[PDB]
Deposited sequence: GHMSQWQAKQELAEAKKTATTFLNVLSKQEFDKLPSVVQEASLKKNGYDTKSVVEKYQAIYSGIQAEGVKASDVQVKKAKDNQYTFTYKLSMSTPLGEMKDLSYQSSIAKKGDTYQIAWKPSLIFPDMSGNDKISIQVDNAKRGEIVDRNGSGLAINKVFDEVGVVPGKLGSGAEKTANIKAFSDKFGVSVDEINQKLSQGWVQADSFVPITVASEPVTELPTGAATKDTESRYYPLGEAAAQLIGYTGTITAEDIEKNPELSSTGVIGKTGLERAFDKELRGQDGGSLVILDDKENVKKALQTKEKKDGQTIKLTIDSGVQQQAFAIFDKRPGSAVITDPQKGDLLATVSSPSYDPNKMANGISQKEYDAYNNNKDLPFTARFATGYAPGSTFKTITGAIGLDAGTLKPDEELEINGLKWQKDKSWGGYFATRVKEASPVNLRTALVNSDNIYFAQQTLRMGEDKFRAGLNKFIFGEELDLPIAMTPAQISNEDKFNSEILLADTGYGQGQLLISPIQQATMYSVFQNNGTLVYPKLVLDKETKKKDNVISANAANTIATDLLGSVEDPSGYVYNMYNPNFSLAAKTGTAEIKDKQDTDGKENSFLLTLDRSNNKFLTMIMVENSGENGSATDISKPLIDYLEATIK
């Protein structure tokens, strides 16, 4: 019966591997029956710190025979009746919660598993890549399973996880010229070693009752991209010819609407500034300027540009995702929705991985680079999504977010590194999500897409991301 293959990172470091532990456990045929058995299980529970419910759940699995050694917890000197120790092989996740939603976990074969596919004593991936690659990993009951080598960098994954400190959010870090997913993080998270090997009903219910939903893979979930998306709206207006980078628009006040038919709806901006050109609008995050430019180009020119990005497309990646959408219908049927889509609100739904893909045009002279997770996959591109002029105009303007002392990302300024960035926010029916995009413009070796949910309570993406940016400038360079 075959050994399960490993999932390893881009340097060969373990993400899902096998490890032997000395386990304390029980033998059903020696545990007794009736109240006697209940006593022996309570004795075990008291002495080794595991819940009676967990012991019973493990005892009642289908593979368990009368003579089975049933491992309960990692190992003593005074074994209660029915208890024993034994070395057993366990599936093991070295990064633990930091890569839990990506890598997933294994579990014991169910009847329903048997019904659709397998020994009752083997394991099967339940979620994540353990499930997605289960056929290649599991081998043949012989033929040991294959090793799958990912683009993930363990050190980046761990640093990208660590910045969240239980805040809900996600971080996707790519090599934007090749598409490698260096890190895919979702927060909050859960312990996959316990999910695969031993978790109490209390602990599992703590995860399921957590309103911040640690089992969700936020990097594969669709969101409004927020006002970071003005980068794409600006590139589209540049290429359409309606947005002239040096044109100085007069904009007064903190809110604007085209006319009274908008009623109580207004595009808003945070700081008073006038006149406004493309560069100051990007560095000021001026939604009004982009609302006006979106109405100026009009729906046809705006959609013509948006349609070159990957909206509607299923991706070849082994992470399940809904294709990105511009809006619910083929037409906006609303000037307000048109404008709001111009600064990343409305009915846009784009997952963090899709977002990082769309923003790759700014480091590839307007070519979009598809994401890849398996290291030896061939790089794939979509040519001329925006012009090179538009890509480089926007990327240069975004250096001001980091290098201008009034830029929102000046906290990360490094005189020896060229980093472009764009913060953003999305307002959801209210709560706000906060975003940070950064682009390595010294060597175009990394791009980061970071989001913090409910930033009214949890603070901004820029507030927590500087250690990750510092790590990348030193490591990926």
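Deposited positions without coordinates, collected into consecutive stretches in sequence order: Missing from the model are residues 1-139, 215-217, 260-261, 286-306, 595-600.
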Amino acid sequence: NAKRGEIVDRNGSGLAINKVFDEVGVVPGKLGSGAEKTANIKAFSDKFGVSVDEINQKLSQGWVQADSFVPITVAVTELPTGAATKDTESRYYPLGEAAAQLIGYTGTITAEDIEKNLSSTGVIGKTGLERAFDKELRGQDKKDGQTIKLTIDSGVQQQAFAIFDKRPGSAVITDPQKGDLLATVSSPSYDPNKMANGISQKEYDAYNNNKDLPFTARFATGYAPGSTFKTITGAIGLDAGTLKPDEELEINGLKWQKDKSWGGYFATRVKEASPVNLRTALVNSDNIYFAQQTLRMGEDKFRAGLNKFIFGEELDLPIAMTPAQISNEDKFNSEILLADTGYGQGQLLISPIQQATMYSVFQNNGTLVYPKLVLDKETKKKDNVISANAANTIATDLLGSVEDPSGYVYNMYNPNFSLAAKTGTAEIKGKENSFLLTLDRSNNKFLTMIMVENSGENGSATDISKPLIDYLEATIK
From here on, numbers count along this sequence of modelled residues.
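Missing coords for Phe48 in a third or more of other PDB entries: Across the other compared entries, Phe48 is absent from at least a third.
Quick test of your reading: does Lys445 have no coordinates in a third or more of the other entries compared? No, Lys445 has coordinates in all the other entries compared.
Where do the C-alpha atoms have the higher mean temperature factor in this entry, in 364-372 or in 160-168? Between 160-168 and 364-372, it is 160-168 that shows the higher mean C-alpha B-factor.
Residue stretch of maximal mean CA temperature factor, 388-396 vs 121-129: So the stretch with the higher mean C-alpha B-factor is 121-129.
Take the CA temperature factors straight from the PDB entry and tell me which of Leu436, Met412, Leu439, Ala43 peaks. By C-alpha B-factor in the record, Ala43 ranks first.
From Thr322, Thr147, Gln257, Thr151, can you pick the one with the highest C-alpha B factor in the entry? Within the set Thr322, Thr147, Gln257, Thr151, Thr147 shows the top C-alpha B-factor.
Relative to the other modelled residues in the chain, which third contains the C-alpha temperature factor of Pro176: lowest, middle or highest? As the PDB entry reports it, the C-alpha B-factor of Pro176 lands in the lowest third of its chain.
Entry-reported Cα temperature factor of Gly107, expressed as the chain third it lands in: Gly107: CA B-factor falls in the highest third of its chain.
Relative to the other modelled residues of the same chain, rank the CA B-factor of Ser401 and answer lowest, middle or highest third. For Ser401, whose C-alpha B-factor we compare with every modelled residue in the chain, the answer is the middle third.
Would you mind ranking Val24 by its C-alpha B-factor against the rest of the chain and naming the third, lowest, middle or highest? According to the entry, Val24 has a C-alpha B-factor in the chain's highest third.
Compare the C-alpha B factor of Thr425 with those of the other modelled residues in its chain, then answer lowest, middle or highest third. Its C-alpha B-factor belongs to the lowest third of this chain's values.
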